[PDB]
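Chemist: Here it is: the structure, laid out below.
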Amino acid sequence: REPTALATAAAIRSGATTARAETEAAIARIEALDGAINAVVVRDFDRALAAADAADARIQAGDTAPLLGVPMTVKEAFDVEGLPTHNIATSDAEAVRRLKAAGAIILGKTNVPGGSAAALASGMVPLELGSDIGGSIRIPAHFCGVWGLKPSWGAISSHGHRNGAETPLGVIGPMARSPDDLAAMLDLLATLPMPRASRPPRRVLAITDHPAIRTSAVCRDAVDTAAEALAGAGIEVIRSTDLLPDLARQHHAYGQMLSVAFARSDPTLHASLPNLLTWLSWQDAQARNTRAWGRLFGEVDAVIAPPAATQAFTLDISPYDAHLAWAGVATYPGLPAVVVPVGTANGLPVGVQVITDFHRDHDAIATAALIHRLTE
Amino acid sequence: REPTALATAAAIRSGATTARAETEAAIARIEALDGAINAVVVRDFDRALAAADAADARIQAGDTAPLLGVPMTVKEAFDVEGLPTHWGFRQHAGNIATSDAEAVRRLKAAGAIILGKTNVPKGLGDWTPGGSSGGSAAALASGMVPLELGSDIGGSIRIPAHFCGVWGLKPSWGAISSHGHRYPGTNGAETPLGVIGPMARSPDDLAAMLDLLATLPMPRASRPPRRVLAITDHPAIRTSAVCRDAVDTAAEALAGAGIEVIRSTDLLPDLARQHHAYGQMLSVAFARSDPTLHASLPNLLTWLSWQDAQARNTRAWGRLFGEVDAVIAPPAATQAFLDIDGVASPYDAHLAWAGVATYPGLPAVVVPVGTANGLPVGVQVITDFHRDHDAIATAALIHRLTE
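Going down the list, the sequences are from chains B and A. For reference, each letter of the first sequence is one residue, going 3 to 88, 97 to 123, 154 to 202, 207 to 357, 368 to 371, 376 to 434 in PDB author numbering. For reference, each letter of the second sequence is one residue, going 3 to 129, 148 to 357, 369 to 434 in PDB author numbering.
Written out as structure tokens, the structure is:
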């Protein structure tokens with residue numbers, strides 16, 4: 003039941019603890035627990051302790067930065083100066107730069123999924169930083185019972201996260221065990237200030253079935269539980285609308301675009317890339333999809349849905379993207395989506411994803427928080 | 003000249019005039035110039051007066067949205083609800099915009115009155149300088165209206181502003197939504213280059229417009245600049261003496277106010293390579309226009325590689341902006357006197384000065400700095416990505432100092 007990031011920060015500021023203590027304790031927890039959970043695959047414990055010392059000095063000098071002294075890890079795909087990335099990074103990723111400027115201590119990097157989600161769930165650290173490579177923020181968060189924000193496309197710079209430009213599906217985003225933690229991370233990471241949460245939602249679309257994959261009853265029931273809780277608080281919940289984009293076609297288009305990213309990654313598959321004119325048509329359809337979602341969001345304030353179809357589930371040197383169907387609902391149009399834990403079933407976490415309109419990230423967090431409070 | 007937009011808005015707020023009066027006056031000024039300047043090619047005067055009435059009601063109800071009652075026009079490329087956008091229908095009603103472009107929506111919400119739409123700027127060799153040829157810039161320069169709204173992929177904000185002696189912001193890439201705007205002849209690949217932006221006769225006007233138009237809040241102006249790079253030569257084209265001298269005038273004014281002006285730096289990205297890469301991207305954006313461009317389309321891997329190089333370019337500019345606060349340069353190679372902002376080829380040298388800021392996505396303000404040979408001449412002020420407000424402030428400083 004370890005404290006939140008904001009709680010740790012305020013405790014360091016108030017003199018109830020120090021950055022050094024928090025870093026020492028987190029190292030101990032990792033060494034204790036990572037024995038059995040191999041999450042922290044790149045350790046930077048000595049430099050971290052020295053940085054904790056630096057942060058303590060800052061605190062004593064009266065500095066008031068919102069994550070000062072808070073230990074954390076980040077996905078191994080982020081450059082951290084002097085650590086390896088799949097090759098030694100000569101500079102920090104932009105997101106890492108911003109986290110350090112806010113005072114956080116990077117203890118090391120977690121293995122690609154859910155490393156980050158495991159580190160959070162096991163209590164090792166209160167903050168983490170993932171990236172949406174096929175639902176790699178939301179699905180681990182759902183599997184492991186923690187919180188994740190897959191932000192609006194382009195909200196946060198992915199410079200230093202792995207030859208340079210932003211990709212039309214990929215985003216980086218915060219993971220935590222608290223919505224207030226997510227919100228503070230978003231405000232630190234965002235290139236430009238994101239709109240503040242508006243009024244509580246008045247109407248929500250709840251969906252439980254996706255044409256591309258069968259969803260388990262547990263995941264469906266979780267959405268239903270959330271829907272009923274919202275209804276009970278006087279929010280109107282609908283289950284169908286003419287403004288819902290065609291999810292089958294959307295999922296097909298998502299898989300096409302996703303396969304480009306992975307075809308480009310290996311020269312042997314370079315022959316199978318589409319031609320430029322096809323690519324430009326795919327980008328136009330993506331843009332249209334975003335606008336279609338915008339129209340839906342003229343009628344509803346949020347969409348609630350499964351994060352994934354299930355709960356948590368060689369001599370050779376994936377084509378199958380239907381497990382990503384639920385992730386692609388938000389990813390393809392670039393909409394923000396928060397995964398929130400809503401309980402355990404069969405001794406395993408289950409969450410719900412809350413999708414809002416483009417740039418309504420803060421609302422996704424607030425509505426997720428509302429669901430959590432109403433579901434206890 | 004006529005008052006600025008912010009001056010008009012304060013006069014309406016103070017009760018010195020009304021939106022109705024301002025709209026009546028602007029209509030009269032447009033009609034007065036029908037002989038010589040036909041820039042307002044789509045007119046919506048009746049609905050405008052009713053919208054002026056609405057704005058007056060808002061004022062009476064205590065609203066203080068910053069453009070309330072201020073008349074304006076917008077480039078004909080923008081959708082305005084109830085006015086023609088050519089949608090390809092072989093009937094009238096099919097070609098009527100059913101909604102405002104996002105930028106127009108924002109302007110109207112802030113209280114501006116859209117009287118109508120201005121002709122797209124005329125091309126190089128088709129040219148108040150030029151009469152109507154400047155479109156938005158001509159409407160501003162002639163005093164018809166104090167606010168305008170343009171779009172710029174190869175200079176159609178900056179260069180008309182320079183030709184006509186008015187102000188324009190080519191914002192940071194992505195700063196303002198281009199929903200409801202269409203670059204004729206493009207195929208989606210113009211998206212990494214094109215921006216929409218405000219035009220006015222005042223830096224304060226530009227700054228207020230930017231804040232109303234911006235999707236997300238833009239950083240506030242920081243301290244005054246301490247160091248500026250002045251450049252007068254581009255490898256792809258010869259620049260006229262007068263355009264060079266304008267930069268020199270601005271440089272000397274800044275220097276005289278104690279700002280350090282340099283003329284060279286190791287951190288200046290390679291303008292020749294950048295100009296070539298800009299032309300390549302334009303040749304894809306406009307490939308629908310021409311069988312030759314269609315034939316010479318690259319493969320996808322090459323396209324994606326061009327986008328990576330563009331991203332690297334932006335960062336190279338960022339490194340330059342760790343040492344200087346602004347770059348001042350010609351807006352264009354001359355003064356006044369398939370279609371890519373007035374030119375017929377993606378590789379036309381006349382785009383050189385436009386490309387300096389366009390390719391990396393940097394903000395650039397064009398500011399009038401006087402007249403030579405009886406024609407306006409301006410300077411473009413380029414700042415780092417998202418430092419739009421600094422571009423405007425530095426432009427404003429230049430203007431004050433060259434009085």
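The C-beta atom is built at its ideal place from N, Cα and C for all residues, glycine as well.
#1: Can you check which of these residues, B:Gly338, B:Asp224, B:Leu169 and B:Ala383, is closest to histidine 417 (chain B) by C-alpha distance?
#2: Residues of chain A with CB under 8 Å from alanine 209 (chain B), in chain order?
#3: What separation, rounded to the nearest whole angstrom, lies between the Cα atoms of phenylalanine 47 (chain A) and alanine 271 (chain A)?
#4: Rounded to the nearest angstrom, what separates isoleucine 371 (chain A) and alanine 38 (chain A) at their Cα positions?
#5: Can you tell me the Cβ-Cβ gap for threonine 120 (chain A) and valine 215 (chain A), rounded? I've got them flagged as a contact below 8 Å.
#6: Rounded to whole angstroms, what's the CA-CA distance from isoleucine 179 (chain B) to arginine 258 (chain B)? Just pull it up for me.
#7: Among A:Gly71, A:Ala427, A:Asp231 and A:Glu343, which has the Cα closest to the Cα of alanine 105 (chain A)?
#8: Could you have a look at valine 76 (chain B) and say whether DSSP puts it in helix, strand or coil?
#9: Between which two residues does the beta strand (DSSP E) containing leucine 249 (chain A) stretch?
#10: Suppose only complete runs of 4+ residues qualify. What are the alpha helix (DSSP H) ranges in the region 158 to 194 of chain B, listed by chain order?
#11: So, at 7 Å on beta carbons, what are the nonlocal neighbours of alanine 329 (chain A) in its own chain, with the 5 sequence-adjacent residues on each side left out?
#12: Just checking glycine 155 (chain B) against the ligand FMN - is the residue's beta carbon closer than 6 Å to any of the ligand's heavy atoms?
#13: Tell me whether residue 363 (chain A) is buried or exposed, calling it buried when 16 or more other Cβ atoms sit within 10 Å of its Cβ.
#14: The beta strand (DSSP E) with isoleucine 14 (chain B) in it runs from where to where?
#15: Considering only the beta carbon of each residue, do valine 398 (chain A) and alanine 356 (chain A) sit closer than 7 Å?
#16: Using beta-carbon positions only, say whether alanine 275 (chain A) and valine 267 (chain A) come within less than 7 Å of one another.
#17: Scan the region 58 to 109 of chain A and note each continuous beta strand (DSSP E) run of 3 residues or more that stays entirely inside, going in chain order.
#18: Could you pull out every residue in the same chain whose Cβ sits closer than 6 Å to the Cβ of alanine 7 (chain A), ignoring the five residues on either side in sequence?
#19: For residue 481 (chain A), count the other beta carbons within 10 Å of its own beta carbon; 16 or more makes it buried, fewer makes it exposed. Which is it?
#20: Suppose you measure from the CA of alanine 28 (chain B) to the CA of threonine 100 (chain B); what does that come to, to the nearest Å?
#21: Just the C-alpha distance for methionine 164 (chain A) and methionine 74 (chain B), rounded to the nearest angstrom, thanks.
#22: Considering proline 407 (chain A), what are the terminal residues of the beta strand (DSSP E) in which it resides?
#23: Look up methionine 301 (chain A) in the DSSP assignment and say whether it is helix, strand or coil.
#24: The region 225 to 241 of chain B: which residues have C-beta closer than 9 Å to a C-beta of chain A, in chain order?
#25: Which chain A residues are close to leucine 320 (chain B), counting only those with a beta carbon under 7 Å from its beta carbon?
#26: CA-CA distance, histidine 295 (chain B) and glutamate 33 (chain A)?
#27: Return yes when the Cβ of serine 156 (chain B) is within less than 7 Å of the Cβ of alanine 79 (chain B), no when it is not.
#28: Tell me, please, whether the region 182 to 201 of chain B touches the region 394 to 410 of chain B by the rule of three or more beta-carbon pairs shorter than 8 Å.
#29: Closer than 7 Å by C-beta to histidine 254 (chain B): which residues in its own chain qualify, once you throw out the five before and the five after it? Chain order, please.
#30: Rounded to the nearest angstrom, what separates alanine 234 (chain A) and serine 309 (chain A) at their Cα positions?
#31: List, in order along the chain, the chain A residues whose C-beta lies closer than 8 Å to that of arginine 308 (chain B)?
#32: Starting from the Cα of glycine 175 (chain A), find the closest Cα among A:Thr10, A:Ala103, A:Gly200 and A:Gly154 and give me that residue.
#33: With DSSP run on the structure shown, which of helix, strand or coil describes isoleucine 429 (chain B)?
#34: At which residues does the beta strand (DSSP E) containing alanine 346 (chain B) begin and terminate?
#35: To which residues does DSSP link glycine 217 (chain B) through a beta bridge?
#36: Among the residues of its own chain, which have a CB less than 7 Å from the CB of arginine 240 (chain A), if the five just before and after it don't count?
Modeler: Quick answer:
#1: B:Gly338
#2: Neighbours of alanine 209 (chain B) in chain A, taken as residues at a C-beta separation under 8 Å, are given in chain order as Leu324, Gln327, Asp328, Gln330 and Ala331.
#3: 44 Å
#4: 26 Å
#5: Wrong, their Cβ atoms sit about 18 Å apart, outside the cutoff.
#6: 16 Å
#7: A:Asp231
#8: The answer is strand: DSSP assigns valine 76 (chain B) an E or B state.
#9: 247 to 250
#10: 178 to 184
#11: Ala297
#12: Among the ligands in the structure shown, none appear at all, so the ligand FMN cannot be discussed.
#13: Placed between 357 and 369 in the numbering, residue 363 (chain A) has no coordinates, as chain A goes from one to the other without interruption by modelled residues.
#14: Looking at the DSSP string, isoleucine 14 (chain B) is not in any beta strand (DSSP E); the run it does join, the alpha helix (DSSP H), is 7 to 16.
#15: no
#16: no
#17: 73 to 77
#18: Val72, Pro166, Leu167 and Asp225
#19: Residue coverage of chain A in this structure runs from 3 to 434, which leaves residue 481 (chain A) outside it and unanswerable.
#20: 26 Å
#21: 59 Å
#22: 406 to 413
#23: Helix, per DSSP.
#24: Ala234, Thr235, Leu236, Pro237, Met238 and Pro239
#25: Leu317, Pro318, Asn319, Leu320 and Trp323
#26: Cα to Cα, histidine 295 (chain B) sits roughly 55 Å from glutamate 33 (chain A).
#27: no
#28: yes
#29: Taking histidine 254 (chain B) as the centre and dropping the five residues before and after it, the same chain places the C-beta of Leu291, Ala383 and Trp384 closer than 7 Å to its C-beta, in chain order.
#30: Whole-angstrom Cα-Cα distance: 31 Å.
#31: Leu321 and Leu324
#32: Comparing Cα-Cα distances from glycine 175 (chain A) to each of A:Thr10, A:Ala103, A:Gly200 and A:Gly154, the minimum goes to A:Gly154.
#33: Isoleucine 429 (chain B) falls in the helix class under three-state DSSP.
#34: Counting along the chain, the beta strand (DSSP E) containing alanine 346 (chain B) begins and ends at 346 to 349.
#35: Beta-bridge partners assigned by DSSP to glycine 217 (chain B): B:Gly170.
#36: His420
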